[PDB]
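Here's the letter readout for the chains.
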Amino acid sequence: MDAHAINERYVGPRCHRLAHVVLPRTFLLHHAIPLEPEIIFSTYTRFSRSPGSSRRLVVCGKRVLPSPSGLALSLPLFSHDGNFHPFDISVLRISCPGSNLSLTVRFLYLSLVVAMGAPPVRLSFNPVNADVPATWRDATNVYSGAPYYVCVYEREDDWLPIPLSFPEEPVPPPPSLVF
Amino acid sequence: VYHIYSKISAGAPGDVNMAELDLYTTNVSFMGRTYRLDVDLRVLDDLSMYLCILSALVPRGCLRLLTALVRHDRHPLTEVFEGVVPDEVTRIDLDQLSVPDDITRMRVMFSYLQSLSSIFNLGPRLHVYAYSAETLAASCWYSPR
Amino acid sequence: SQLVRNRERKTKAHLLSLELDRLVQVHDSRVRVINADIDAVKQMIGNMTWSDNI
Amino acid sequence: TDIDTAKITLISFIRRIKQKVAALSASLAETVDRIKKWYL
Amino acid sequence: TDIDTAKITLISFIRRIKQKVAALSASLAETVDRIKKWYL
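Residues numbered from 1 in each chain as written, not as in the entry; some residues may be left out. Chains lettered and ligands numbered in written order. Part of a larger assembly, values for the part shown. Heavy atoms only, no water.

Method of structure determination, per the deposited record: cryo-EM was used for this entry, reaching 4.3 Å resolution.

K.L.:
Got a sec to walk through the arrangement of the chains? Specific residues and values, please.
P.N.:
Most contacts, when the 6 pairs of chains in contact are compared, are made between chains A and C. Over all C-alpha pairs, chain B and chain E never come within contact, reaching a minimum spacing of 37 Å. (Contact = heavy atoms within 4.5 Å.)

K.L.:
Before we move on, could you go through the packing of helix α1 (residues 4-45) of chain C against helix α1 (residues 4-38) of chain D and cite the residues and values that matter?
P.N.:
Each pair of packed helices can be summarised by the angle the axes make with each other and by the distance between the axes. Close contact between α1(C) and α1(D) brings their axes to 10 Å; oriented N to C, the two are set at 170 degrees. The orientation of α1(C) with respect to α1(D), classified from their angle, is roughly antiparallel. In terms of residue class, the contact of α1(C) with α1(D) is built from 16 nonpolar, 3 polar and 7 charged. (Axes fitted to C-alpha atoms, helices over the stretch in contact; angles between N-to-C directions. Helix = DSSP H or I, 4+ residues; strand = E, 2+ residues; numbered from the N terminus. Parallel < 35°, antiparallel > 145°, perpendicular 65-115°, else oblique. Nonpolar A, V, L, I, M, F, W, Y, C, P; charged D, E, K, R; others polar.)

K.L.:
Lay out the interface of chain C and chain D with the relevant residues and their values.
P.N.:
Listed as interface residues are 18 residues of chain C and, on the opposing side, 16 residues of chain D. Counting each side, the surface lost to burial between chain C and chain D is near 1500 Å², with a carbon and sulfur contribution of 75%. If you sort the residues of chain C by the area they bury against chain D, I38(C), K42(C) and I45(C) come out on top, with a joint share of 29%. The interface formed by chain C and chain D contains 2 salt bridges. Here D21(C) and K36(D) are joined by a salt bridge, their closest N and O atoms 2.6 Å apart. At the surface where chain C touches chain D, the tally comes to 2 residue pairs in polar contact. It is α1(C) that contributes the most residues to the side of chain C that touches chain D, 16 residues altogether. (Buried area = accessible area lost by both parts, 1.4 Å probe. Salt bridge = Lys/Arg side-chain N within 4 Å of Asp/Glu carboxyl O. Polar contact = N/O pair within 3.5 Å; in protein donor to acceptor, adjacent residues only side chain to side chain.)

K.L.:
Give me the lowdown on the pattern of salt bridges, citing residues and values where you can.
P.N.:
Counted under the stated rule, the structure contains 13 salt bridges over all chains. Across the pair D2(A) and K62(A) runs a salt bridge, and its minimum N-O distance is 3.7 Å. Of this pair, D2(A) sits in helix α1 (residues 2-10) while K62(A) sits in strand β4 (residues 62-64), placing them 60 residues apart in sequence. A residue is classified by how much of its surface remains accessible, and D2(A), at 34% relative accessible area, is partly exposed. The exposure class of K62(A) is partly exposed, given its relative accessible area of 31%. Notably, a salt bridge pairs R64(B) with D102(B), separated by 3.1 Å at the nearest N-O pair. Of this pair, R64(B) sits in helix α4 (residues 57-68) while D102(B) sits in helix α5 (residues 99-102), and the two are 38 residues apart along the sequence. What makes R64(B) partly exposed here is its relative accessible area of 29%. Taking relative accessible area as the criterion, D102(B) reaches 12% and is therefore assigned buried. A cluster of three or more residues bridged by salt bridges with shared partners is formed by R9(A), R74(B) and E82(B). (Buried < 20%, exposed > 50% of the residue type's maximum accessible area, 1.4 Å probe, protein only.)

K.L.:
Requested: an account of the side chain of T43(A), with residues and values cited.
P.N.:
The residue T43(A) is located in strand β2 (residues 40-46) in this model. Not counting the four nearest positions on each side in its chain, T43(A) is found in contact with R55(A), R56(A), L57(A), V59(A), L75(A), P76(A), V91(A) and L92(A).

K.L.:
I'd like a rundown of the domain arrangement of chain B, residues and numbers included.
P.N.:
Split by domain assignment, chain B resolves into domain 1 (1-38) and domain 2 (45-119). Of note, the centres of domain 1 of chain B and domain 2 of chain B, computed from C-alpha atoms alone, are 29 Å apart. (Domains from an automatic or database assignment.)

K.L.:
Lay out empty space enclosed by the protein with the relevant residues and their values.
P.N.:
Of the voids in this model, the largest cavity is the one considered here, and its volume is about 80 Å³. If you go around the largest cavity, the residues you meet are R9(A), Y10(A), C62(B), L63(B), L66(B), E82(B), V85(B), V89(B) and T90(B). Listing elements by their share of the lining of the largest cavity, those giving two or more residues are α1 of chain A together with α4 of chain B. It is α4(B) that provides the largest number of residues to the lining of the largest cavity, a total of 3 residues. When grouped by side-chain class, the residues that make up the lining of the largest cavity number 6 nonpolar, 1 polar and 2 charged. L23(C), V26(C), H27(C), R30(C), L28(D), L24(E), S27(E) and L28(E) are the residues that line the second largest cavity. Counting residues per element, the ones that place at least two in the lining of the second largest cavity are α1 of chain C together with α1 (4-38) of chain E. (1 Å grid on protein atoms, 1.4 Å probe; cavity = no way out; pocket = protein on both sides within 12 Å on 5 of 7 lines; lining within 4 Å. Points joined across faces, edges and corners; volume = space filled by probe spheres on them.)

This is the structure we're talking about:
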(Lines give C-alpha, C1' and ligand atoms only; values in the text may rest on other atoms or scores of the structure.)
Protein backbone atom coordinates (compact mmCIF):
# COMPACT_ATOMS: atom_id res chain seq x y z
CA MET A 1 0.00 0.00 0.00
CA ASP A 2 3.09 2.17 -0.22
CA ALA A 3 3.12 2.12 -4.03
CA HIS A 4 0.00 4.29 -4.24
CA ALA A 5 1.58 7.15 -2.32
CA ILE A 6 4.95 6.83 -4.07
CA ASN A 7 3.35 7.19 -7.50
CA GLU A 8 1.46 10.36 -6.58
CA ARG A 9 4.75 12.23 -6.25
CA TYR A 10 6.60 10.81 -9.26
CA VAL A 11 3.97 9.55 -11.71
CA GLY A 12 1.26 11.75 -10.18
CA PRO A 13 2.31 15.16 -11.58
CA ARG A 14 3.19 13.69 -15.00
CA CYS A 15 -0.45 12.63 -15.47
CA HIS A 16 -3.86 14.25 -15.08
CA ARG A 17 -5.49 11.76 -12.72
CA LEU A 18 -4.29 8.46 -11.30
CA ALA A 19 -6.25 5.21 -11.13
CA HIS A 20 -5.18 3.51 -7.90
CA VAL A 21 -5.67 -0.21 -8.58
CA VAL A 22 -5.05 -3.27 -6.39
CA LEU A 23 -5.06 -6.62 -8.17
CA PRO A 24 -6.26 -9.72 -6.27
CA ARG A 25 -4.81 -13.18 -6.84
CA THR A 26 -7.87 -14.23 -8.85
CA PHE A 27 -6.81 -11.67 -11.43
CA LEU A 28 -3.17 -12.74 -11.07
CA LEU A 29 -3.93 -16.43 -11.71
CA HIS A 30 -5.76 -15.60 -14.93
CA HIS A 31 -3.06 -13.38 -16.44
CA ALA A 32 -0.21 -15.47 -14.90
CA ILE A 33 1.84 -12.74 -13.23
CA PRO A 34 4.77 -14.25 -11.26
CA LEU A 35 5.28 -11.86 -8.35
CA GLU A 36 9.01 -11.18 -8.03
CA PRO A 37 10.49 -7.83 -6.92
CA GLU A 38 12.45 -7.55 -10.20
CA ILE A 39 9.34 -6.63 -12.21
CA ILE A 40 9.32 -3.36 -14.15
CA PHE A 41 5.84 -2.12 -15.03
CA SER A 42 5.18 0.13 -18.00
CA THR A 43 1.90 1.89 -18.83
CA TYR A 44 0.50 3.60 -21.91
CA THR A 45 -3.02 4.33 -23.14
CA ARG A 46 -4.58 3.76 -26.57
CA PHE A 47 -6.87 6.62 -27.60
CA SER A 48 -9.95 6.37 -29.82
CA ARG A 49 -11.43 8.68 -32.51
CA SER A 50 -8.11 10.59 -32.41
CA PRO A 51 -4.44 9.82 -33.25
CA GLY A 52 -3.92 7.11 -30.68
CA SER A 53 -0.76 7.08 -28.57
CA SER A 54 0.24 8.34 -25.15
CA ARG A 55 3.76 8.32 -23.74
CA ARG A 56 5.06 5.37 -21.75
CA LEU A 57 5.40 5.70 -17.97
CA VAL A 58 7.06 3.46 -15.38
CA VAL A 59 4.81 2.69 -12.41
CA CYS A 60 6.03 1.06 -9.20
CA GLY A 61 4.25 -1.99 -7.82
CA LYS A 62 4.57 -3.85 -4.52
CA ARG A 63 2.99 -6.99 -3.09
CA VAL A 64 0.61 -6.36 -0.19
CA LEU A 65 0.92 -8.96 2.58
CA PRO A 66 -2.12 -9.28 4.89
CA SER A 67 -9.31 -6.15 3.56
CA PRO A 68 -7.96 -7.30 0.18
CA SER A 69 -4.57 -8.82 -0.67
CA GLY A 70 -2.45 -8.85 -3.80
CA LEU A 71 -0.44 -6.65 -6.12
CA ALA A 72 -0.84 -2.87 -5.80
CA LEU A 73 -0.37 -0.45 -8.71
CA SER A 74 -1.52 2.92 -10.01
CA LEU A 75 -2.75 3.50 -13.49
CA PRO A 76 -2.37 6.78 -15.39
CA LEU A 77 -5.41 8.55 -16.82
CA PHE A 78 -4.95 11.15 -19.55
CA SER A 79 -7.30 14.07 -20.16
CA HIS A 80 -6.73 15.62 -23.54
CA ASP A 81 -8.60 18.97 -23.88
CA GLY A 82 -10.18 18.88 -20.43
CA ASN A 83 -12.15 15.61 -20.43
CA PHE A 84 -11.97 11.82 -20.52
CA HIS A 85 -13.07 9.52 -23.22
CA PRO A 86 -15.28 6.58 -22.15
CA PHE A 87 -14.03 4.08 -24.75
CA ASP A 88 -10.32 4.51 -24.24
CA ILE A 89 -8.07 1.60 -23.30
CA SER A 90 -5.27 1.91 -20.74
CA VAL A 91 -2.65 -0.78 -21.38
CA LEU A 92 -0.43 -2.18 -18.63
CA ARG A 93 2.70 -3.91 -19.93
CA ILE A 94 4.53 -6.21 -17.50
CA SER A 95 8.07 -7.38 -18.18
CA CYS A 96 11.17 -8.71 -16.37
CA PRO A 97 14.55 -7.09 -17.14
CA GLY A 98 16.52 -10.28 -17.76
CA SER A 99 14.29 -13.20 -18.69
CA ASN A 100 11.81 -13.68 -21.53
CA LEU A 101 8.50 -12.38 -20.19
CA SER A 102 6.09 -9.85 -21.68
CA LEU A 103 2.48 -9.55 -20.56
CA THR A 104 -0.16 -7.07 -21.70
CA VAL A 105 -2.90 -6.19 -19.21
CA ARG A 106 -5.65 -3.98 -20.59
CA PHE A 107 -8.18 -1.80 -18.76
CA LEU A 108 -11.10 0.34 -19.91
CA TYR A 109 -11.88 3.79 -18.52
CA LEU A 110 -15.58 3.20 -17.76
CA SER A 111 -14.52 0.47 -15.35
CA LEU A 112 -12.19 3.00 -13.67
CA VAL A 113 -13.92 6.39 -13.97
CA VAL A 114 -17.20 5.00 -12.62
CA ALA A 115 -15.25 3.18 -9.89
CA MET A 116 -13.80 6.50 -8.73
CA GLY A 117 -17.31 7.89 -8.19
CA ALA A 118 -18.78 7.90 -4.69
CA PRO A 119 16.06 34.65 11.23
CA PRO A 120 16.55 31.48 9.18
CA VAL A 121 13.83 30.67 6.68
CA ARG A 122 11.54 27.63 6.77
CA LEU A 123 11.91 24.64 4.44
CA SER A 124 8.87 22.39 4.17
CA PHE A 125 9.09 18.65 4.92
CA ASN A 126 6.68 16.43 2.94
CA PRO A 127 7.56 12.71 3.07
CA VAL A 128 5.64 9.83 1.58
CA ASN A 129 2.96 8.60 3.98
CA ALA A 130 0.27 5.93 4.08
CA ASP A 131 -1.66 8.09 6.56
CA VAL A 132 -4.45 8.80 4.05
CA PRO A 133 -7.24 6.21 4.43
CA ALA A 134 -8.53 4.02 1.62
CA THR A 135 -12.08 3.41 0.43
CA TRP A 136 -12.26 0.04 -1.33
CA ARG A 137 -14.61 -0.02 -4.32
CA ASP A 138 -15.30 -3.09 -6.42
CA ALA A 139 -14.87 -3.50 -10.18
CA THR A 140 -14.68 -6.13 -12.91
CA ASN A 141 -12.37 -6.20 -15.90
CA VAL A 142 -14.33 -6.26 -19.15
CA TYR A 143 -11.71 -8.23 -21.07
CA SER A 144 -11.01 -11.12 -18.68
CA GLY A 145 -13.85 -11.08 -16.14
CA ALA A 146 -11.72 -11.07 -13.02
CA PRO A 147 -12.47 -8.60 -10.21
CA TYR A 148 -10.02 -5.94 -9.10
CA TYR A 149 -10.16 -3.32 -6.37
CA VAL A 150 -9.89 0.46 -6.70
CA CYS A 151 -8.77 2.78 -3.90
CA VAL A 152 -10.26 6.25 -3.38
CA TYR A 153 -8.06 8.43 -1.18
CA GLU A 154 -9.25 11.52 0.67
CA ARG A 155 -7.74 14.89 -0.22
CA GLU A 156 -14.77 22.71 -7.46
CA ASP A 157 -14.36 19.11 -6.27
CA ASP A 158 -17.56 17.86 -4.60
CA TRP A 159 -19.72 20.03 -6.88
CA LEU A 160 -18.86 18.20 -10.10
CA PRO A 161 -18.61 14.52 -11.01
CA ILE A 162 -15.78 13.23 -13.17
CA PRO A 163 -16.05 14.64 -16.71
CA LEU A 164 -16.90 12.28 -19.54
CA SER A 165 -17.38 13.08 -23.23
CA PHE A 166 -19.46 10.31 -24.79
CA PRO A 167 -18.98 9.69 -28.54
CA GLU A 168 -21.27 11.22 -31.13
CA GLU A 169 -23.28 9.89 -34.04
CA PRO A 170 -22.51 8.27 -36.48
CA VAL A 171 -20.77 5.68 -34.33
CA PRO A 172 -19.84 1.99 -34.65
CA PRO A 173 -21.41 -0.24 -31.98
CA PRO A 174 -19.54 -0.22 -28.64
CA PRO A 175 -19.15 -4.02 -28.73
CA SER A 176 -17.07 -3.26 -31.85
CA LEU A 177 -15.33 -0.10 -30.63
CA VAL A 178 -14.18 -1.64 -27.33
CA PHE A 179 -12.44 -4.44 -29.24
CA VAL B 1 26.25 37.83 -3.97
CA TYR B 2 27.18 41.45 -4.66
CA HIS B 3 28.13 40.79 -8.29
CA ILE B 4 24.71 39.28 -8.96
CA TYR B 5 22.89 42.35 -7.64
CA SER B 6 25.18 44.50 -9.78
CA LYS B 7 23.61 42.75 -12.77
CA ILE B 8 20.02 42.79 -11.49
CA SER B 9 20.05 46.55 -10.88
CA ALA B 10 21.50 47.20 -14.35
CA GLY B 11 18.37 45.95 -16.11
CA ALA B 12 15.62 46.48 -13.53
CA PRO B 13 16.50 48.98 -10.78
CA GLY B 14 13.50 48.62 -8.47
CA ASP B 15 14.44 45.15 -7.22
CA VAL B 16 17.77 46.15 -5.63
CA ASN B 17 18.03 48.60 -2.72
CA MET B 18 21.34 50.41 -2.19
CA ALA B 19 20.48 50.77 1.50
CA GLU B 20 20.11 46.98 1.70
CA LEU B 21 23.01 45.99 -0.57
CA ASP B 22 25.96 48.14 0.56
CA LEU B 23 25.21 47.45 4.25
CA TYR B 24 25.66 43.67 4.56
CA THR B 25 28.06 43.13 1.63
CA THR B 26 30.75 45.58 2.76
CA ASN B 27 31.28 44.42 6.36
CA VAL B 28 32.79 41.03 7.16
CA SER B 29 32.31 40.08 10.81
CA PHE B 30 35.17 37.69 11.54
CA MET B 31 37.33 37.06 14.63
CA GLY B 32 35.48 39.57 16.81
CA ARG B 33 36.20 42.35 14.30
CA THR B 34 34.98 43.87 11.07
CA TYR B 35 36.84 44.68 7.88
CA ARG B 36 36.05 47.27 5.23
CA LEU B 37 36.34 46.17 1.60
CA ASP B 38 37.11 48.49 -1.33
CA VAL B 39 34.57 47.59 -4.03
CA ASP B 40 33.18 49.95 -6.68
CA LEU B 41 33.74 43.87 -10.92
CA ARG B 42 35.59 41.88 -13.56
CA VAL B 43 37.22 38.94 -11.77
CA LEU B 44 34.01 37.15 -10.76
CA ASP B 45 32.35 37.41 -14.20
CA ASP B 46 32.27 33.61 -14.59
CA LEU B 47 31.30 32.34 -11.14
CA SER B 48 28.27 34.61 -11.34
CA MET B 49 27.47 32.77 -14.58
CA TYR B 50 28.56 29.25 -13.60
CA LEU B 51 26.53 29.31 -10.41
CA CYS B 52 23.54 30.74 -12.30
CA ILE B 53 23.66 28.36 -15.27
CA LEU B 54 23.71 25.65 -12.57
CA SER B 55 20.89 27.40 -10.71
CA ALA B 56 18.06 26.25 -12.99
CA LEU B 57 19.40 22.79 -13.85
CA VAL B 58 19.24 21.57 -10.22
CA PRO B 59 15.39 21.61 -9.85
CA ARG B 60 14.92 19.62 -13.05
CA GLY B 61 17.88 17.48 -12.03
CA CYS B 62 16.75 16.35 -8.60
CA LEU B 63 13.47 14.98 -9.96
CA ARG B 64 14.81 13.25 -13.08
CA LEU B 65 17.36 11.59 -10.81
CA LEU B 66 14.67 10.53 -8.31
CA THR B 67 12.19 9.09 -10.80
CA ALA B 68 14.94 6.72 -11.95
CA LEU B 69 15.91 5.72 -8.39
CA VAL B 70 12.86 3.93 -7.02
CA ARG B 71 12.84 0.22 -6.20
CA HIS B 72 12.59 -2.27 -3.35
CA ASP B 73 16.20 -1.57 -2.32
CA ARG B 74 16.28 2.22 -2.14
CA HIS B 75 18.89 3.53 0.28
CA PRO B 76 16.79 4.36 3.36
CA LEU B 77 18.10 7.88 4.01
CA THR B 78 16.44 9.33 0.90
CA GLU B 79 13.05 8.45 2.39
CA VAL B 80 13.78 11.40 4.69
CA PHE B 81 15.47 13.68 2.14
CA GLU B 82 12.55 13.29 -0.28
CA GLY B 83 10.53 15.83 1.69
CA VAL B 84 12.99 18.73 1.80
CA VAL B 85 12.38 19.60 -1.88
CA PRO B 86 9.61 22.23 -2.23
CA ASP B 87 6.14 21.45 -3.54
CA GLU B 88 6.55 23.43 -6.76
CA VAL B 89 9.67 21.49 -7.76
CA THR B 90 7.70 18.26 -7.28
CA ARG B 91 5.36 19.22 -10.15
CA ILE B 92 7.91 19.53 -12.97
CA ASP B 93 6.47 17.63 -15.93
CA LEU B 94 9.41 16.54 -18.10
CA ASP B 95 7.23 15.91 -21.17
CA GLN B 96 8.19 19.35 -22.55
CA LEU B 97 11.82 18.27 -23.10
CA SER B 98 12.86 15.29 -25.20
CA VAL B 99 15.17 12.45 -24.16
CA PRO B 100 18.12 13.41 -26.47
CA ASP B 101 17.68 16.93 -25.07
CA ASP B 102 17.73 15.69 -21.47
CA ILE B 103 21.18 14.12 -21.91
CA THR B 104 22.52 17.53 -22.95
CA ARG B 105 21.02 18.91 -19.72
CA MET B 106 22.89 16.37 -17.56
CA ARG B 107 26.45 16.28 -18.92
CA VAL B 108 26.31 20.07 -18.70
CA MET B 109 24.67 19.84 -15.26
CA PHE B 110 27.09 17.45 -13.56
CA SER B 111 30.15 19.21 -15.01
CA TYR B 112 29.35 22.47 -13.23
CA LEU B 113 28.58 20.61 -9.99
CA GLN B 114 32.14 19.27 -10.01
CA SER B 115 34.15 22.18 -11.43
CA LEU B 116 32.57 24.70 -9.05
CA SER B 117 33.03 22.37 -6.08
CA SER B 118 36.67 21.68 -6.93
CA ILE B 119 37.98 25.26 -6.95
CA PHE B 120 37.25 25.65 -3.25
CA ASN B 121 38.76 22.25 -2.42
CA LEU B 122 42.04 23.30 -4.02
CA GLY B 123 44.66 23.42 -1.36
CA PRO B 124 47.83 25.50 -1.77
CA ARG B 125 47.38 26.11 1.95
CA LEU B 126 49.66 26.37 4.96
CA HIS B 127 49.09 25.75 8.66
CA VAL B 128 50.57 28.49 10.84
CA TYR B 129 51.68 27.25 14.27
CA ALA B 130 53.32 30.39 15.71
CA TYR B 131 52.65 34.09 15.26
CA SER B 132 53.20 37.49 16.84
CA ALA B 133 51.12 40.56 16.13
CA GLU B 134 53.41 43.58 16.58
CA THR B 135 56.30 41.92 14.70
CA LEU B 136 54.35 40.32 11.78
CA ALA B 137 56.43 37.16 12.06
CA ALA B 138 54.95 33.72 11.45
CA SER B 139 56.06 30.14 10.90
CA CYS B 140 54.09 27.36 9.25
CA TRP B 141 54.28 24.21 7.15
CA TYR B 142 52.94 23.63 3.64
CA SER B 143 50.62 20.93 2.35
CA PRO B 144 49.51 21.02 -1.30
CA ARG B 145 46.04 20.26 -2.77
CA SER C 1 -18.55 -15.79 -35.46
CA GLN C 2 -19.44 -17.69 -32.28
CA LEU C 3 -16.80 -15.69 -30.42
CA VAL C 4 -18.22 -12.43 -31.77
CA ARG C 5 -21.62 -13.72 -30.63
CA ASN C 6 -20.05 -13.97 -27.15
CA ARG C 7 -18.13 -10.68 -27.22
CA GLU C 8 -21.26 -8.75 -28.19
CA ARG C 9 -23.32 -10.68 -25.63
CA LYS C 10 -21.07 -10.08 -22.61
CA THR C 11 -19.85 -6.54 -23.30
CA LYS C 12 -23.47 -5.44 -23.66
CA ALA C 13 -23.79 -6.69 -20.07
CA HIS C 14 -20.57 -5.35 -18.55
CA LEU C 15 -20.85 -1.89 -20.14
CA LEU C 16 -24.59 -1.66 -19.40
CA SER C 17 -24.07 -1.68 -15.63
CA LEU C 18 -21.28 0.87 -16.06
CA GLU C 19 -23.63 3.29 -17.83
CA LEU C 20 -26.31 2.76 -15.18
CA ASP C 21 -23.78 3.37 -12.41
CA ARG C 22 -22.68 6.52 -14.20
CA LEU C 23 -26.35 7.56 -14.41
CA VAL C 24 -26.75 7.26 -10.64
CA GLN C 25 -23.64 9.38 -10.05
CA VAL C 26 -24.86 12.14 -12.39
CA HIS C 27 -28.15 12.27 -10.48
CA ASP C 28 -26.78 12.13 -6.91
CA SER C 29 -24.16 14.78 -7.69
CA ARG C 30 -26.94 17.14 -8.78
CA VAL C 31 -29.26 16.26 -5.87
CA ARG C 32 -26.31 17.48 -3.78
CA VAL C 33 -26.57 20.76 -5.70
CA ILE C 34 -30.31 20.99 -4.96
CA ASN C 35 -29.81 20.34 -1.24
CA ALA C 36 -26.99 22.88 -1.32
CA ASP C 37 -29.47 25.24 -2.99
CA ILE C 38 -32.53 24.43 -0.86
CA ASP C 39 -30.51 24.98 2.32
CA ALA C 40 -29.07 28.18 0.82
CA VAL C 41 -32.64 29.50 0.73
CA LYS C 42 -33.41 28.39 4.30
CA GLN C 43 -30.16 29.94 5.53
CA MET C 44 -31.13 33.24 3.92
CA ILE C 45 -34.59 32.74 5.46
CA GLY C 46 -32.98 32.49 8.92
CA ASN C 47 -31.81 36.09 8.43
CA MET C 48 -34.61 37.18 6.09
CA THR C 49 -36.28 38.74 9.13
CA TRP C 50 -32.81 40.28 9.63
CA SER C 51 -32.57 41.44 6.00
CA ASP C 52 -35.97 43.12 6.43
CA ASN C 53 -34.31 45.21 9.13
CA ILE C 54 -31.24 46.12 7.00
CA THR D 1 -46.15 38.79 12.92
CA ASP D 2 -43.38 39.24 10.37
CA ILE D 3 -41.17 37.03 12.55
CA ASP D 4 -43.92 34.59 13.55
CA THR D 5 -45.68 33.90 10.24
CA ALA D 6 -42.51 33.81 8.13
CA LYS D 7 -41.08 31.25 10.57
CA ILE D 8 -43.95 28.81 10.06
CA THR D 9 -44.27 29.50 6.32
CA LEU D 10 -40.70 29.64 5.02
CA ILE D 11 -39.48 26.64 7.03
CA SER D 12 -42.34 24.13 6.85
CA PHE D 13 -42.81 24.65 3.11
CA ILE D 14 -39.03 24.41 2.58
CA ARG D 15 -38.68 21.17 4.57
CA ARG D 16 -41.46 19.51 2.56
CA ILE D 17 -39.57 20.30 -0.65
CA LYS D 18 -36.25 19.06 0.76
CA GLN D 19 -37.65 15.74 2.00
CA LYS D 20 -39.04 15.00 -1.49
CA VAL D 21 -35.81 15.76 -3.37
CA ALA D 22 -34.36 12.93 -1.27
CA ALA D 23 -37.22 10.76 -2.57
CA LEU D 24 -35.77 10.97 -6.09
CA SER D 25 -32.29 9.86 -5.02
CA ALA D 26 -33.77 7.08 -2.87
CA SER D 27 -35.84 5.90 -5.85
CA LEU D 28 -32.92 5.40 -8.25
CA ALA D 29 -30.92 3.73 -5.47
CA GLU D 30 -33.68 1.11 -5.26
CA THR D 31 -34.77 0.75 -8.89
CA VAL D 32 -31.44 0.80 -10.76
CA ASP D 33 -30.16 -1.81 -8.30
CA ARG D 34 -33.32 -3.78 -9.07
CA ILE D 35 -32.36 -3.75 -12.77
CA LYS D 36 -28.97 -5.23 -11.83
CA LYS D 37 -30.19 -8.38 -10.11
CA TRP D 38 -33.48 -9.06 -11.90
CA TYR D 39 -32.30 -8.32 -15.44
CA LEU D 40 -28.51 -8.71 -15.52
CA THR E 1 -38.06 46.75 2.46
CA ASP E 2 -40.32 43.82 3.29
CA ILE E 3 -41.76 44.08 -0.22
CA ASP E 4 -38.46 44.88 -1.95
CA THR E 5 -36.05 42.37 -0.38
CA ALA E 6 -38.53 39.47 -0.31
CA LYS E 7 -39.16 40.05 -4.03
CA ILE E 8 -35.50 39.62 -4.97
CA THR E 9 -34.89 36.80 -2.46
CA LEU E 10 -37.95 34.55 -2.73
CA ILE E 11 -38.15 34.67 -6.53
CA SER E 12 -34.52 34.48 -7.69
CA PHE E 13 -33.71 31.64 -5.29
CA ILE E 14 -36.92 29.83 -6.30
CA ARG E 15 -36.23 30.13 -10.05
CA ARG E 16 -32.73 28.68 -9.63
CA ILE E 17 -34.23 25.63 -7.94
CA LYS E 18 -36.94 25.22 -10.59
CA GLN E 19 -34.53 25.43 -13.54
CA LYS E 20 -32.41 22.62 -12.03
CA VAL E 21 -35.31 20.24 -11.40
CA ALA E 22 -35.81 20.43 -15.17
CA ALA E 23 -32.14 19.41 -15.51
CA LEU E 24 -32.96 16.00 -14.01
CA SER E 25 -35.81 15.31 -16.44
CA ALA E 26 -33.69 16.54 -19.36
CA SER E 27 -30.87 14.22 -18.29
CA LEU E 28 -32.89 10.99 -18.35
CA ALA E 29 -34.47 12.04 -21.65
CA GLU E 30 -30.95 12.10 -23.12
CA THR E 31 -29.23 9.22 -21.32
CA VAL E 32 -31.95 6.53 -21.30
CA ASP E 33 -32.43 7.16 -25.03
CA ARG E 34 -28.66 6.79 -25.37
CA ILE E 35 -28.94 3.31 -23.80
CA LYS E 36 -31.53 2.39 -26.44
CA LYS E 37 -29.43 3.02 -29.53
CA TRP E 38 -25.91 2.33 -28.28
CA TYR E 39 -26.70 -0.80 -26.26
CA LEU E 40 -29.92 -2.29 -27.62
